[PDB]
Amino acid sequence: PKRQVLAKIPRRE
Amino acid sequence: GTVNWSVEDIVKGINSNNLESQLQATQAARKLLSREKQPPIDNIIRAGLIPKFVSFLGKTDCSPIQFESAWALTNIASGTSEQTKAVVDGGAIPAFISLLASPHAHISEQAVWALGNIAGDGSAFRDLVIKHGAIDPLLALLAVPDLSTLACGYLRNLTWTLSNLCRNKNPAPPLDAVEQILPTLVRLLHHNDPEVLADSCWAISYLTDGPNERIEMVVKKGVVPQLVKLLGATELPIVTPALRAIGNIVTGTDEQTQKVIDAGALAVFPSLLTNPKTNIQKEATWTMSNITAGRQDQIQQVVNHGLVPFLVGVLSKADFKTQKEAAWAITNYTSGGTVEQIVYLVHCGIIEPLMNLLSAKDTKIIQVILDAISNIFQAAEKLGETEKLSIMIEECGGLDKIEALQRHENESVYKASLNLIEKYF
């Protein structure tokens, strides 16, 4: 009966 | 000097026949694209600059313009899928994969970053990055005896980009790619930087978010004890993915779930089930629900670890989403548990908070609670104790709430409720 973080990052500095 | 250029100035410089003017204009583009507030990505794309940036990635002779264009393209690729697509459509993927070999660490790192953004867009670009051969050169950057000799930001960027190659489903990453990446993830999972650990845990959480054959690939690598250790970390950014990973793993086989228990996971759940971060409690309780969906000897270990009172606690007071996971944990527990285990559960006070949840405006939790009440009664009649149990349910207002449910806008709800009221009331 079991039931089942930014992906993108700009460089600013 | 390169600050606050107009896009047309940038275009003018990049269209000059002058590499230094191009470099100056590319850096101006990079600075434009590096401001947090509304970077003019679309204007840059519309000006036709992506193919020029991509061609600059190949200028081994001018590493500053490789870096500036790699950074500009990283930030275009960090945008929308259409913006990432524009980067990919410019041929950036093979050009960035070639820059992973750059002798300049800050350029290699930028290519890692850019590829992370491209892969992070979704399964298709993730797989296209893989098909273009990114994994071998990425892993080669981590092929050092001691990760601690790598620059901290570099290692973090690598770990993050690897986690994006592990990320996303429909489809999940190619099995061969996972098998290729996993040994490095296992190693990163033992590194002492909190951000590397967080992103490594995220990657494992992605890889275990699938069928049991996917879980097995991870569990076979021996990571569960380390995930349990990270489960006890003080840094919430670590506990969160470590708990997601453990929760994913216990959606697998009883044998996979047993590896989590053997690793000592249950000893952390007193804290997790009382954690002040709502999502931790919710995910811990979801995890518990899949452990109580296992074998009776696994239920027994939940018991021995004193976790049933914590499940009573969550059920009694928690974010509603967490209580719903707790309800599932109880219904699973009562479906699979011995009579003695179900008796113990009642002795811990499960009845009253179960009943109190029957007033939830949520049809699924009501169904789940009713299944559990039924399963508890079934164990009671194996002991000739339904009367004592019925009193309990009446003594805490549960009988009233089961009454009203007979007249409820749902087939299974009214059905199971009406059945209870006559089979036992």
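Computation of the quantities below employed the complete heavy-atom set of this structure, encompassing side-chain atoms and omitting hydrogens, waters and symmetry-equivalent molecules. Chain letters run A, B, ... following the sequence lines, proteins first and then strands; every chain starts at 1.
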Are any non-hydrogen side-chain atoms of A:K2 and B:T257 less than 4.5 angstrom apart? yes
Is the backbone of A:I9 close enough, under 3.5 Å, to the side chain of B:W113 for a donor and an acceptor to pair up by distance? yes
Can you tell me which residue among B:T74, B:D121, B:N75 is in a side chain to side chain donor-acceptor pair (under 3.5 Å) with A:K8? B:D121
May I ask you to test the B:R35-A:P10 pair for a side-chain heavy-atom distance under 4.5 Å? no
Any idea which heavy atoms bring A:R11 and B:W71 closest together, and the distance? O-NE1, 2.8 Å
Would you kindly say whether B:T251 and A:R3 are connected by a side-chain donor-acceptor distance under 3.5 Å? no
